[PDB]
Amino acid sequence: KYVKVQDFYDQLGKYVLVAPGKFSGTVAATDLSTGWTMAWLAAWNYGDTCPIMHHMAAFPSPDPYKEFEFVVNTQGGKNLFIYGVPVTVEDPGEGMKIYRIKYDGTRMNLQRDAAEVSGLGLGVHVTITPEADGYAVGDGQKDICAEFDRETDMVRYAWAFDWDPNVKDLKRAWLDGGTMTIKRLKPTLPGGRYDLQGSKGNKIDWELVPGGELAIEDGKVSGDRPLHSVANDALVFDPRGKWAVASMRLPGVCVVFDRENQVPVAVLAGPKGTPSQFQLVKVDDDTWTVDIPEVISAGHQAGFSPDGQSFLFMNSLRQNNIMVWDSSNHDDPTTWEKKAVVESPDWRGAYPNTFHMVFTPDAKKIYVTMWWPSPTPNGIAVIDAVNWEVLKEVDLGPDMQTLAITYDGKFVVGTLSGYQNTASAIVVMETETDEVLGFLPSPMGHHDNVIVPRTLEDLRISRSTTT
């Protein structure tokens, strides 16, 4: 006579979803096998005066119901002013915190701020190393990314990026090309600490929004040094170890780094029509440069397939496609060559933009997000990652954000976030026949979510290899 919602959860498995809430100031872990929120944390309870809880990633735990740890960062300053909400805090906290939090099988415990430990505050993507011995954060206001040790929260290595435009006019500063400098970033305070917490280091006063390359070009992004911006987004990891890849939105390139030797080794060229790579040039032991003759399109999402055989970078806005390299040679990234471009008429406009992805465990399919400004329906596209073609797209609702998959490959679980002021939900889609199974309440503005991994292998399709 009555439907029990427990029948829906029994099919999902014993998986734990975790998501931060952006303007909500909260972070929450949910039991997909019962529908309970397991625990939640509100950063204002800890004196955080701008708790835009932003990106996150969770370390593997063999039983997340018993305990797991995760990293979540924050944004501050004028990031508070760029969504639809008529906020009244004219002088908010500066954000760029890197919180370490541990779920202990009952509650969330705020452990520390790694930005205070290390001295380095970064406010965009968080990823976990494939060894689960560490994590990385990037930032597109300071243009710095770093890998941190898990035990000590100290930086292992940090890199700063800078743009030298051929034309010092914001309208032409990326389109007409320039030179990007890659600089080893070194500590300046006692104990190998950085002096780069909060707003210290910012070139621009907020992270560029979707299609925000147009806004910076039009002089509509405030900041000390926008002509010098490259808008670093993430540092993602080859699941085979050894390499990490830093993505640069404005110049449309990814930089491959040697994690052990602490040097860049390769520059992958995003836009369709460019060669596989641009030439990396060493200037001294701490300085490299790369010349980009013109920037045809900005790009954003970057990541590896879970077997490390493919590396993807999405061009967004001026071109909308998925660029794919053969990354099968683990010994030498300067050999990685463009093998395919995924294109579709689900992509003729400036929008949708595809900022997030997740692969199935066997690397044969990809789930990618399709974002538009209100009011166009946002949704998910399914990719055949064998033939590099779009299989399907599904409409869902407003402001599609991030995606995760259960580690058996059976269910994609994503977040929609209301542009911080309208409808928000968790979405579940089954991957056997790619149908939407429904939505669960989620009163948060998630710009990230994960399913807590159980093993190092699970990390390959979590917040480690892709964002």
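All residue numbers are counted from 1 along the displayed sequence.
Checked against the record, the higher mean CA B factor of 244-252 and 326-334 lies with 326-334. When the mean C-alpha temperature factors of 187-195 and 114-122 are read from the deposited coordinates, 187-195 comes out higher. Highest CA B-factor among the listed residues (320, 369, 141, 73): 320. Highest CA B-factor among the listed residues (207, 104, 164, 307): 307. The entry lists a Cα temperature factor for residue 159 that places it in the middle third of the chain's modelled residues. Per the deposited record, the Cα B-factor of residue 276 falls in the highest third when ranked against the other modelled residues of its chain. The entry lists a Cα temperature factor for residue 211 that places it in the highest third of the chain's modelled residues. When the modelled residues of the chain are ordered by their C-alpha B factor, residue 132 lands in the middle third.
Compared with the other modelled residues of the chain, the Cα B-factor recorded for residue 448 ranks in the lowest third.
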